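Single-structure report; data block below.
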Amino acid sequence: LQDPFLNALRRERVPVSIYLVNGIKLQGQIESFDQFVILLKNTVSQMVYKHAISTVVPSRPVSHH
Amino acid sequence: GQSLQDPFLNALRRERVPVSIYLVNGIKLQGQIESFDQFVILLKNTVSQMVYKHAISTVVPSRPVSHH
Amino acid sequence: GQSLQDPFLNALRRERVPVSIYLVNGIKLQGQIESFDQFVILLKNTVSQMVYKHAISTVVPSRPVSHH
Amino acid sequence: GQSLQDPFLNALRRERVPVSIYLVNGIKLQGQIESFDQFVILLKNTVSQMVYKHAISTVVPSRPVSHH
Amino acid sequence: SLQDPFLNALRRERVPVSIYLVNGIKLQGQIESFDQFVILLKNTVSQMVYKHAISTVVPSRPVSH
Amino acid sequence: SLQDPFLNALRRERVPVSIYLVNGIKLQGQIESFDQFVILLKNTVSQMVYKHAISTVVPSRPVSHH
């Protein structure tokens, strides 16, 4: 599920909120990802460890089918 | 079976039972379990949000649901 | 057994002992251990809730129970 | 032994030294180490409680104890 | 696959970074080296940061990865 | 590995360190020994610190890990 969901967000350039386990809310677009990290683009590309993410919330409905 | 987690989540998914998902930082999410895999649960309410299982403390059904 | 964890939880399950499960954020869950697998514990109170072991700090029986 | 844990915790167990186990949320537990396995430590006071190692930050003996 | 090129770009360009930990605390410095498990972050001393404790690595200015 | 040379230099040079835990708590002492799972940190007693609970190990003064 992870891969089609993140790929849809990536492909469609959908703004997302990535909530971290620490409660911090990151915002941007998903640039790329692998099994361990997501690169989130805003003013810079930042590397987010999946182990530190609680939830990825699209700003609008997007199909992952 | 070897897994209890899988029949539990599947029953909640199949019966479209509203759940509360409490995260390790105490935040509460709500919705219906749309799908899940080894690492994540897709929780539906206004959008589908992808919740990492490693960030979940407990999944609490809003009403009794059989997982047998 | 091969572990302490399995006979400890099974003794609590079999004897239907009320327990407290303390989560890593500090919150206290209470109920009886219905079942468990490698990753979760099902805790019964008004509903069965699924508790991820990764989110648990301790399991405390409400009264001494032998795990031997 | 397959980690420094093993002799350190076994010394504390065999000598029945009171310990503090500090958890990842800052909580301090106290008791004696009854036993441990790959994933948990059983900590004895009035009851045996099961403490998941993943939730522990430190184990601190109340007085010096050789682990050699 | 993505961590190596991302961290190597920051290392070779000596770009100041912010490393936010799983508790939300921000460390700052330059990436000196890294392996599968840790990042060595230099400021006044070299400190060793466990990747398991990192949420996000944020360059202070855009850097191509 | 970078961990092993870094921690071994601190151990051998008996450099006081600060170990910051994942909850932000600061421990101080000297590194007595370590393996893949724990660091034994000495002050008045030897305490066993799980590496899974550590965020950072910070030497109190510069030490070469080369």
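In the structure tokens, chains take the letters A, B, ... in the order shown, each chain's residues start at 1, and ligands count up from 1 in the order shown.
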
(message) So that I can see what lies close to stretch 50-56 of chain C, please list as an NGL selection string the residues with an atom at most 6 Å from it, counting only C-alpha atoms and leaving out residues fewer than 6 positions away in the same chain.
(response) (:B and (57-59)) or (:C and (22-24 or 39-42))

Taking N, CA and C atoms for each residue, export the selection above as a compact mmCIF listing (two decimals), in the first residue's frame.
```
# COMPACT_ATOMS: atom_id res chain seq x y z
N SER B 57 -0.19 3.16 19.01
CA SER B 57 -0.24 2.42 20.26
C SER B 57 -1.41 1.44 20.35
N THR B 58 -2.63 1.87 20.02
CA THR B 58 -3.76 0.96 20.12
C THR B 58 -4.87 1.34 19.13
N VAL B 59 -5.55 0.31 18.63
CA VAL B 59 -6.68 0.43 17.72
C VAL B 59 -7.90 -0.01 18.49
N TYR C 22 0.91 -0.36 30.60
CA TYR C 22 1.38 1.01 30.52
C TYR C 22 2.04 1.21 29.18
N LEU C 23 1.62 2.25 28.47
CA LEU C 23 2.14 2.57 27.15
C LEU C 23 3.35 3.50 27.27
N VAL C 24 4.12 3.60 26.19
CA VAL C 24 5.34 4.40 26.22
C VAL C 24 5.07 5.88 26.44
N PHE C 39 3.40 -9.46 17.68
CA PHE C 39 3.35 -8.01 17.57
C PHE C 39 2.31 -7.25 18.37
N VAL C 40 1.23 -7.92 18.77
CA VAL C 40 0.15 -7.25 19.44
C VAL C 40 -0.39 -8.08 20.60
N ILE C 41 -1.07 -7.37 21.49
CA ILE C 41 -1.84 -7.95 22.54
C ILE C 41 -3.27 -7.46 22.37
N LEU C 42 -4.23 -8.38 22.47
CA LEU C 42 -5.64 -8.02 22.50
C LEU C 42 -6.09 -7.92 23.91
```

(request) Could you give me, as a VMD selection string, the residues within 12 Å of residue B:66, counting only C-alpha atoms and dropping anything in the same chain fewer than 6 positions from it? (result) (chain B and resid 4 7 to 15 17) or (chain C and resid 47 to 49)

Output file for the selection above: C-alpha atoms, as a JSON list (two decimals), in the first residue's frame:
```json
[["chain", "number", "residue", "atom", "x", "y", "z"],
["B", 4, "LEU", "CA", -4.10, -12.03, 15.45],
["B", 7, "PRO", "CA", -7.91, -11.04, 11.36],
["B", 8, "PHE", "CA", -8.58, -8.17, 13.77],
["B", 9, "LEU", "CA", -7.86, -5.44, 11.20],
["B", 10, "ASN", "CA", -9.60, -7.41, 8.45],
["B", 11, "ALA", "CA", -12.82, -7.67, 10.49],
["B", 12, "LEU", "CA", -12.78, -3.92, 11.14],
["B", 13, "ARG", "CA", -12.17, -3.29, 7.42],
["B", 14, "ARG", "CA", -14.86, -5.72, 6.23],
["B", 15, "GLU", "CA", -17.53, -4.47, 8.67],
["B", 17, "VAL", "CA", -16.52, -0.20, 11.79],
["C", 47, "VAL", "CA", -14.45, -3.94, 23.38],
["C", 48, "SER", "CA", -11.33, -5.85, 22.33],
["C", 49, "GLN", "CA", -8.63, -3.30, 21.64]]
```

(request) Can you list, as a PyMOL selection string, all residues belonging to chain F that DSSP tags as strand (DSSP E)? (result) chain F and resi 17-21+26-34+38-42+46-50+54-59

Store the residues of this selection in a file with N, CA, C and O atoms, as a compact mmCIF listing (two decimals), in the first residue's frame.
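Final file, out-v2.txt:
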```txt
# COMPACT_ATOMS: atom_id res chain seq x y z
N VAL F 17 31.72 12.19 28.60
CA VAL F 17 30.75 12.39 27.53
C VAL F 17 29.43 12.78 28.12
O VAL F 17 29.15 12.55 29.29
N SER F 18 28.61 13.37 27.26
CA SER F 18 27.18 13.51 27.48
C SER F 18 26.47 12.60 26.51
O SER F 18 26.72 12.65 25.28
N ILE F 19 25.58 11.77 27.04
CA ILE F 19 24.73 10.92 26.23
C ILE F 19 23.33 11.48 26.35
O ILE F 19 22.75 11.49 27.44
N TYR F 20 22.77 11.94 25.23
CA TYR F 20 21.40 12.45 25.22
C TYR F 20 20.48 11.33 24.79
O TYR F 20 20.71 10.68 23.75
N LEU F 21 19.46 11.07 25.59
CA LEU F 21 18.51 10.03 25.30
C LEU F 21 17.41 10.55 24.34
O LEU F 21 17.26 11.75 24.10
N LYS F 26 19.82 14.18 29.58
CA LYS F 26 21.27 14.17 29.44
C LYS F 26 21.90 13.29 30.53
O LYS F 26 21.74 13.56 31.74
N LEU F 27 22.62 12.23 30.14
CA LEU F 27 23.45 11.41 31.05
C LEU F 27 24.89 11.86 30.84
O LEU F 27 25.26 12.29 29.77
N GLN F 28 25.69 11.81 31.90
CA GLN F 28 27.12 12.12 31.82
C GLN F 28 27.93 11.04 32.49
O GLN F 28 27.50 10.49 33.49
N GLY F 29 29.08 10.74 31.92
CA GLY F 29 30.00 9.80 32.55
C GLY F 29 31.10 9.49 31.58
O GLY F 29 31.30 10.20 30.60
N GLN F 30 31.77 8.38 31.85
CA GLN F 30 32.81 7.87 30.98
C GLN F 30 32.35 6.56 30.36
O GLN F 30 31.72 5.73 31.03
N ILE F 31 32.67 6.34 29.10
CA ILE F 31 32.35 5.09 28.44
C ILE F 31 33.29 4.00 28.89
O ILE F 31 34.47 4.09 28.69
N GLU F 32 32.74 3.01 29.59
CA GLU F 32 33.50 1.89 30.10
C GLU F 32 33.61 0.77 29.07
O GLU F 32 34.67 0.19 28.89
N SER F 33 32.51 0.47 28.38
CA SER F 33 32.51 -0.59 27.41
C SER F 33 31.22 -0.43 26.61
O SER F 33 30.34 0.35 26.97
N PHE F 34 31.14 -1.14 25.50
CA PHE F 34 29.93 -1.08 24.68
C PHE F 34 29.91 -2.28 23.76
O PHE F 34 30.95 -2.90 23.50
N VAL F 38 24.28 -1.99 23.86
CA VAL F 38 24.33 -1.12 25.05
C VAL F 38 25.69 -0.43 25.15
O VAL F 38 26.70 -0.89 24.57
N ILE F 39 25.69 0.66 25.91
CA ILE F 39 26.91 1.31 26.37
C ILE F 39 26.86 1.25 27.89
O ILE F 39 25.83 1.57 28.50
N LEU F 40 27.97 0.83 28.51
CA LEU F 40 28.11 0.92 29.94
C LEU F 40 28.80 2.25 30.24
O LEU F 40 29.90 2.54 29.74
N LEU F 41 28.09 3.07 31.01
CA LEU F 41 28.51 4.41 31.34
C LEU F 41 28.84 4.47 32.83
O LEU F 41 28.03 4.08 33.67
N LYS F 42 30.04 4.92 33.17
CA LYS F 42 30.49 4.92 34.53
C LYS F 42 30.45 6.34 35.08
O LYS F 42 30.95 7.29 34.45
N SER F 46 28.27 1.65 37.39
CA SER F 46 28.17 1.35 35.96
C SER F 46 26.69 1.23 35.66
O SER F 46 26.02 0.40 36.23
N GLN F 47 26.19 2.05 34.75
CA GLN F 47 24.83 1.91 34.29
C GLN F 47 24.83 1.44 32.86
O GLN F 47 25.78 1.67 32.10
N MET F 48 23.80 0.69 32.53
CA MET F 48 23.70 0.14 31.20
C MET F 48 22.68 0.96 30.43
O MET F 48 21.51 1.04 30.83
N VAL F 49 23.14 1.56 29.33
CA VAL F 49 22.32 2.42 28.50
C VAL F 49 22.03 1.68 27.20
O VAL F 49 22.94 1.29 26.48
N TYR F 50 20.74 1.50 26.88
CA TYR F 50 20.41 0.87 25.60
C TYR F 50 20.63 1.86 24.45
O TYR F 50 20.13 2.99 24.48
N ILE F 54 19.28 6.07 22.78
CA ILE F 54 20.22 7.18 22.65
C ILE F 54 19.92 7.95 21.39
O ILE F 54 19.70 7.35 20.33
N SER F 55 19.92 9.28 21.50
CA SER F 55 19.95 10.11 20.29
C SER F 55 21.37 10.50 19.88
O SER F 55 21.72 10.35 18.71
N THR F 56 22.19 10.97 20.83
CA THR F 56 23.49 11.53 20.48
C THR F 56 24.49 11.21 21.58
O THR F 56 24.13 11.11 22.77
N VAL F 57 25.74 11.06 21.18
CA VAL F 57 26.87 10.94 22.10
C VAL F 57 27.81 12.11 21.79
O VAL F 57 28.28 12.26 20.66
N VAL F 58 28.03 12.95 22.80
CA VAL F 58 28.75 14.19 22.62
C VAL F 58 29.97 14.23 23.56
O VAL F 58 29.82 14.28 24.78
N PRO F 59 31.17 14.19 23.01
CA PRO F 59 32.38 14.30 23.81
C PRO F 59 32.45 15.68 24.47
O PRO F 59 32.07 16.68 23.86
```

(message) For the structure I just gave you, how does DSSP split chain A - specifically, which residues are helix (DSSP H, G or I)? Reply as JSON, numbers by chain.
(response) {"A": [2, 3, 4, 5, 6, 7, 8, 9, 10, 11, 50, 51, 52]}

Go ahead and write the selection's residues with N, CA, C and O atoms as a PDB file, in the first residue's frame.
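Listing of again-v4.pdb after writing:
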```
ATOM      1  N   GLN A   2       1.952   1.209   0.688  1.00  0.00           N
ATOM      2  CA  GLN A   2       2.782   2.383   0.827  1.00  0.00           C
ATOM      3  C   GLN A   2       3.189   2.947  -0.534  1.00  0.00           C
ATOM      4  O   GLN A   2       3.075   4.145  -0.813  1.00  0.00           O
ATOM      5  N   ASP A   3       3.651   2.074  -1.412  1.00  0.00           N
ATOM      6  CA  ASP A   3       4.211   2.531  -2.662  1.00  0.00           C
ATOM      7  C   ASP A   3       3.168   3.165  -3.595  1.00  0.00           C
ATOM      8  O   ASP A   3       3.390   4.259  -4.091  1.00  0.00           O
ATOM      9  N   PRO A   4       2.018   2.516  -3.820  1.00  0.00           N
ATOM     10  CA  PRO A   4       1.066   3.224  -4.693  1.00  0.00           C
ATOM     11  C   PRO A   4       0.553   4.528  -4.062  1.00  0.00           C
ATOM     12  O   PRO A   4       0.239   5.461  -4.768  1.00  0.00           O
ATOM     13  N   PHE A   5       0.375   4.568  -2.748  1.00  0.00           N
ATOM     14  CA  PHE A   5      -0.102   5.777  -2.087  1.00  0.00           C
ATOM     15  C   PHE A   5       0.894   6.911  -2.265  1.00  0.00           C
ATOM     16  O   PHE A   5       0.549   7.985  -2.702  1.00  0.00           O
ATOM     17  N   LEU A   6       2.150   6.670  -1.892  1.00  0.00           N
ATOM     18  CA  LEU A   6       3.170   7.704  -2.033  1.00  0.00           C
ATOM     19  C   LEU A   6       3.433   8.066  -3.508  1.00  0.00           C
ATOM     20  O   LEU A   6       3.666   9.223  -3.834  1.00  0.00           O
ATOM     21  N   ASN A   7       3.408   7.081  -4.400  1.00  0.00           N
ATOM     22  CA  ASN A   7       3.594   7.378  -5.818  1.00  0.00           C
ATOM     23  C   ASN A   7       2.486   8.248  -6.379  1.00  0.00           C
ATOM     24  O   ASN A   7       2.769   9.098  -7.198  1.00  0.00           O
ATOM     25  N   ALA A   8       1.249   8.045  -5.938  1.00  0.00           N
ATOM     26  CA  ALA A   8       0.163   8.879  -6.419  1.00  0.00           C
ATOM     27  C   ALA A   8       0.385  10.322  -5.982  1.00  0.00           C
ATOM     28  O   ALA A   8       0.224  11.241  -6.769  1.00  0.00           O
ATOM     29  N   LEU A   9       0.797  10.506  -4.731  1.00  0.00           N
ATOM     30  CA  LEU A   9       1.039  11.846  -4.211  1.00  0.00           C
ATOM     31  C   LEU A   9       2.182  12.502  -4.950  1.00  0.00           C
ATOM     32  O   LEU A   9       2.128  13.693  -5.241  1.00  0.00           O
ATOM     33  N   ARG A  10       3.211  11.707  -5.222  1.00  0.00           N
ATOM     34  CA  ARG A  10       4.376  12.189  -5.958  1.00  0.00           C
ATOM     35  C   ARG A  10       4.001  12.616  -7.363  1.00  0.00           C
ATOM     36  O   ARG A  10       4.296  13.736  -7.779  1.00  0.00           O
ATOM     37  N   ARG A  11       3.337  11.727  -8.088  1.00  0.00           N
ATOM     38  CA  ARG A  11       3.024  11.931  -9.491  1.00  0.00           C
ATOM     39  C   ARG A  11       2.097  13.129  -9.673  1.00  0.00           C
ATOM     40  O   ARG A  11       2.257  13.926 -10.602  1.00  0.00           O
ATOM     41  N   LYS A  50      11.192   7.383   7.544  1.00  0.00           N
ATOM     42  CA  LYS A  50       9.870   6.794   7.701  1.00  0.00           C
ATOM     43  C   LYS A  50       9.653   6.355   9.140  1.00  0.00           C
ATOM     44  O   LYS A  50       8.522   6.414   9.609  1.00  0.00           O
ATOM     45  N   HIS A  51      10.692   5.895   9.848  1.00  0.00           N
ATOM     46  CA  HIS A  51      10.547   5.403  11.223  1.00  0.00           C
ATOM     47  C   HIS A  51      10.046   6.516  12.148  1.00  0.00           C
ATOM     48  O   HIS A  51       9.580   6.215  13.241  1.00  0.00           O
ATOM     49  N   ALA A  52      10.175   7.792  11.716  1.00  0.00           N
ATOM     50  CA  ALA A  52       9.799   8.933  12.539  1.00  0.00           C
ATOM     51  C   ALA A  52       8.449   9.534  12.119  1.00  0.00           C
ATOM     52  O   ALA A  52       7.985  10.508  12.720  1.00  0.00           O
TER      53      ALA A  52
END
```

(message) Show me, as a list in words, the residues that have an atom within 8 Å of residue A:45 when counting only C-alpha atoms, minus same-chain residues fewer than 5 positions from it.
(response) residues 31, 39 and 40 of chain A; 58, 59, 62 and 63 of chain E

(message) Please check the contacts: residues of chain A at most 9 Å away from chain B, using only C-alpha atoms, listed as a list in words.
(response) residues 1, 2, 5, 20, 21, 22, 23, 50, 51, 52, 53, 54, 55, 56, 57, 58, 59, 60, 61, 62 and 63 of chain A

Write a file of the just-selected residues containing C-alpha atoms, as a CSV table (one decimal), in the first residue's frame.
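After the write, result_9.csv holds the following:
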```
chain,number,residue,atom,x,y,z
A,1,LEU,CA,0.0,0.0,0.0
A,2,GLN,CA,2.8,2.4,0.8
A,5,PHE,CA,-0.1,5.8,-2.1
A,20,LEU,CA,6.0,13.1,12.8
A,21,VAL,CA,5.9,10.9,16.0
A,22,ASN,CA,7.1,14.1,17.8
A,23,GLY,CA,3.9,15.9,16.8
A,50,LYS,CA,9.9,6.8,7.7
A,51,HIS,CA,10.5,5.4,11.2
A,52,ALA,CA,9.8,8.9,12.5
A,53,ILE,CA,6.5,9.4,10.6
A,54,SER,CA,3.1,8.9,12.2
A,55,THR,CA,0.8,9.8,9.3
A,56,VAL,CA,0.9,11.2,5.8
A,57,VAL,CA,-2.2,13.3,5.1
A,58,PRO,CA,-3.0,14.5,1.6
A,59,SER,CA,-4.4,18.0,1.3
A,60,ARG,CA,-7.1,16.7,-1.0
A,61,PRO,CA,-8.4,13.3,-2.0
A,62,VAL,CA,-6.1,11.4,-4.3
A,63,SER,CA,-6.6,7.9,-5.8
```

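Counting from atom CA of residue F:60, the distance to atom CA of residue E:45 is 7.9 Å.
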
(message) Just to confirm, what's the straight-line distance from atom CA of residue E:27 to atom CA of residue F:22 in Å (one decimal)?
(response) 13.1 Å
